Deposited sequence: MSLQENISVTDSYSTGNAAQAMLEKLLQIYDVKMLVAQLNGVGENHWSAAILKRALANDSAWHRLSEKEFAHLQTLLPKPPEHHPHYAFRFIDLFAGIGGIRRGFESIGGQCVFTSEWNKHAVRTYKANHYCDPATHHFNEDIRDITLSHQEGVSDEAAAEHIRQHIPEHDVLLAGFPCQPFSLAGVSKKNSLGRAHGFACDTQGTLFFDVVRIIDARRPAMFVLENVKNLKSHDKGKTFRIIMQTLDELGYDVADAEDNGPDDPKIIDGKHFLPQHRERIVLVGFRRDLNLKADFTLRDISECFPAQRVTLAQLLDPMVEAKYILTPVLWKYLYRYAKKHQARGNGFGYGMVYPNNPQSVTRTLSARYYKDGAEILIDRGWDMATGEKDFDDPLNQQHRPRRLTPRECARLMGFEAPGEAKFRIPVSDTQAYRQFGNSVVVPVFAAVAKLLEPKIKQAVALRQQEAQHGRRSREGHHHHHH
C-alpha cells in the first residue's frame, strides 16, 4: 500500500515521462506511462530509487521549535531560512503550479500537519463584498492554522485603504491570525513607488494592526530594511524586508536589521565557485542565439579563469542573460563572425543548477536541489526568488525572539 502512497506524492511533483525514465534507469524492468498508471491502480531497488526523489523531514522531526506559514511562497526561498531554525511550515500559498512542483520536491510537507492553497482570495474572500470582516476572519482561520511567524512575498501594487490589492489579503490574514511576528519581502524601491504613497500606506497599516516594524523610522539611503544578497552571493539583488513584532508581546526590544552584518559569511562565495566544470552541450549558445546576444551586449560575460571572477559582483541589470566564456576571440568575431574556428568557442549559458547556487538554493559543488520542471520554468523560478541566505540571516537574527514568543504562549496556555 505504501508504493501507491509514494507514487501519488511523486506525481504531484514529476512528469510521468520523468518517473518512467527514472524507473527504466534502475535497469531491472521495462517501464511505460501506461504500466506506471497500472501500478498506480514493481518493487525492490526501484522503490528505493524513487525514495531519493522525495524530500526527507528534518532531523528533529516530528518536534519543532515554532510554527510558520509561507504566503506567495515561490519555490521556498523564504521558507529555507526558517526551517533551518527548527520552524514547522503549517500552511503554504503559491499560485504558480510549476513553482509548487519545485517547492514539493525540496520541502517535506506532511498533509496531516500542512495545507497548500493556490489562490489566496479563496481563503480571504476579498472578492466577495457581502461577507463581513469578522465572517471573513472566521473563514480564514478554517484554512490557515495558528502560527508564530507569518512569511510573505507580496507584489508591488498601487493603492479599507489597501483594498483591491494582494497586500490587503496579507493584512486580512495577519488580523485574523495575529501571529507573534511576520516577515514581508518587497521590491527595493518600495519607498519611491507612487510618490511614496505605497510605502506610507503599508507602514501605517502595519502599525494600526498592532505591529512594531523593525527600523520603521530609518528611511534614508542607508535604510537597514534594504538588504542586498551581494553580501552572501556574487550578485546585486536588493529587497526591502519588513519584520513585524506584535506590540502586546514586547518582543522587539533592541532588534534592528543593522545587525544583519553579524550574519555575513567569513569568505564570500565567488562566481567561479558556483560553476560546474562540466556542462551539457545544449547550454552552449546556438549560432543564432549568439548572433542575438552579441549585438545586445554591444548596443554580462564571465571569464571563469580570469582572476577577476573571484572578485566580481553581477549587476541587477543567467541561462539566457549571464554567459560563460569558452575562448571567443573578439578580433576574429569582428572580422568574420561566422569563422568556423572561432564558432567552436561560442559562450554558454548558466544551467538551472548553477542558477540555484547563484540564488542560494544549492551549495557550491553540490547537487542536492531537486529541479522537477523544465529549464525554462526553472530559470523563471530562480529569477523570481528571494536570495536564500538573506532570509536565513534574518531568521537567525529572529531565532531568540521566536523562542521567547513560543515560551510566552506556552505559559499563556496555563
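Residues of the deposited sequence with no modelled C-alpha atom fall in the ranges 1 to 16, 58 to 64, 183 to 200, 341 to 350, 369 to 371, 469 to 482.
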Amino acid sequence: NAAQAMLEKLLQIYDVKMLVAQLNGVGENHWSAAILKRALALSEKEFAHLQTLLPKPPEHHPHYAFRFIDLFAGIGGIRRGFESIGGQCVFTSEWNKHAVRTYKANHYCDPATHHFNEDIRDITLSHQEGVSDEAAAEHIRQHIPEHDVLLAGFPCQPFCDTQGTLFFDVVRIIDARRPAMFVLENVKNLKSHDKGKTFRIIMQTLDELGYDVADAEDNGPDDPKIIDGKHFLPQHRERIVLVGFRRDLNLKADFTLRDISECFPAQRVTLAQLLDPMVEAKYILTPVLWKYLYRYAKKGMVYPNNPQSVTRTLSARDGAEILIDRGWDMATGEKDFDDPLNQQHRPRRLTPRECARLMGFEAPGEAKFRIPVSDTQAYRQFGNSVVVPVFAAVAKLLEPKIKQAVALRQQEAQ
From here on, numbers count along this sequence of modelled residues.
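Comparing 342 to 350 with 23 to 31, the higher mean C-alpha B-factor in the PDB entry belongs to 23 to 31. In this entry, 32 to 40 shows the higher mean Cα temperature factor of the pair 32 to 40 and 356 to 364. If you compare the C-alpha temperature factors of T162, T113, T92, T102 in the entry, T162 comes out highest. Reading the B-factor column for the CA atoms of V213, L323, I123, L271 in the entry, the top value corresponds to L271. When the modelled residues of the chain are ordered by their C-alpha B factor, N306 lands in the highest third. In the deposited entry, the Cα temperature factor of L50 sits in the top third of values across the chain's modelled residues. Sort the chain's modelled residues by C-alpha temperature factor and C156 lands in the highest third, per the entry. Ranked by C-alpha B-factor against the other modelled residues of its chain, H193 falls in the highest third. Placement of the Cα temperature factor of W328 within the chain: lowest third of the modelled residues, per the deposited record.
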